[PDB]
Structures are given as structure tokens and as C-alpha cells.
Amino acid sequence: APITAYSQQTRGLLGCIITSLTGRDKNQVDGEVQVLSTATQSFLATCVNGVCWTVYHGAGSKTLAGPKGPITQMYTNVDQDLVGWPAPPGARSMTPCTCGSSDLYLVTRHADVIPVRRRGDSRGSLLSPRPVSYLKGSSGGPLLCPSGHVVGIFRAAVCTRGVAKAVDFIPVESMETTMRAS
């Protein structure tokens, strides 16, 4: 894989409960991908054209804790499992992929970069099988073309007896379809 990644934590379990309740986060923001938490689960958000995109089944209808207080969702599509908030200052906006390269790369919450073979518009095969538990918490994470552009975000895993052989994702196209119906 050409692409690499590392993570940096910003908050602990306590300051997260606090920030959750005040909706106000002073921490400086960086990175293409944000690691997000509610009370009951963790997941990922990918910034693309100034919107922080993630899944509904992680974020629900919630606000994002921000510097000027809670940020209201700018896009909400329950049935796509997609939501987006305006990207906080300093998040690194990613660029959409359109060249349609066949081999993709999933970035997990562990900052691992996993080879995927595109099988269709919103489906991708894992060249190498992984535990479901290993992917759990990476919904919202980006699938990248080899150039580092974003093709989609991770939505669900195709799996059997706790082993995942494929990923279902929201193609960067659907993020247009929600924006138009705004």
C-alpha cells in the first residue's frame, strides 16, 4: 500500500463525558479523519469538501461538540446511514476520487491501511480477511484510491462467523445526493 497513517488521541474518557454535555470543544483540530465518541460507541468521520461525514448509526441526529458550542448537522440521511456536519477549523479536507481505480484502501480507527478490491459502486472485497471485531468502530473511515483521494466511507461489514471478507461503503456520490436535497 502507498498510503500510510498514524493516530493521535486528544481526550480521555472523562473529558469526553464533559465535552459531550457542554457541547463545547476547545481542542485544536487536525487530520483527515476524526475519531469520534458518544456514550455508547466510537466511530470515524472523514472530511470531504469541508463537511465531516460519518454514519447515522454512530452519530444519530446528534450535534458535534465544537469551539463555538455544538455544531448542528448539515446533512442527515437515515436510509443512507449518512450524516455530515460543517468541518471544524483545521480539519484537513479530502478530495473526491473519480478515476475509478480498482484497488482501494480502507483506513481503520487503529490507523491501519487495508487493501480492498472494489466489487461495485458501494461494495469492496478485502484482499485479506479480518475479524469483524477488528473493523468495529471504523464506520465513517475513508476508502481511498491509491492517489489518496476518497471514494467513500466505511458503512457496514460483510461477514460470517465473525470474519469479514467484504466492506459496504457510502460512495462519495451519495454525499452529493444528500447535498442536493438540501
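Quick note: we count residues from 1 along the sequence shown, nothing fancier.
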Inset, instruction - With reference to the PDB entry, specify whether the mean Cα temperature factor is higher for 134-142 or for 62-70. - result: 62-70
Legend entry - Higher-scoring stretch by recorded Cα B factor average, 3-11 or 171-179: 171-179
Legend entry - Member of 39, 35, 116, 151 with the greatest C-alpha B factor (per the PDB record): 39
Inset, instruction - Pull the Cα B-factor of residue 28 out of the PDB entry and bin it into the chain's lowest, middle or highest third. - result: highest
Legend entry - Third of chain Cα B-factors occupied by residue 100: highest
Inset, instruction - Determine, from the deposited record, the chain-internal third of the Cα B-factor for residue 82: lowest, middle or highest. - result: lowest
Inset, instruction - Report the third (lowest, middle or highest) to which the CA temperature factor of residue 54 belongs, ranking only the modelled residues of the same chain. - result: lowest
Inset, instruction - Looking at the entry's B-factor column for C-alpha atoms only, identify whether residue 147 ranks in the lowest, middle or highest third of its chain. - result: highest
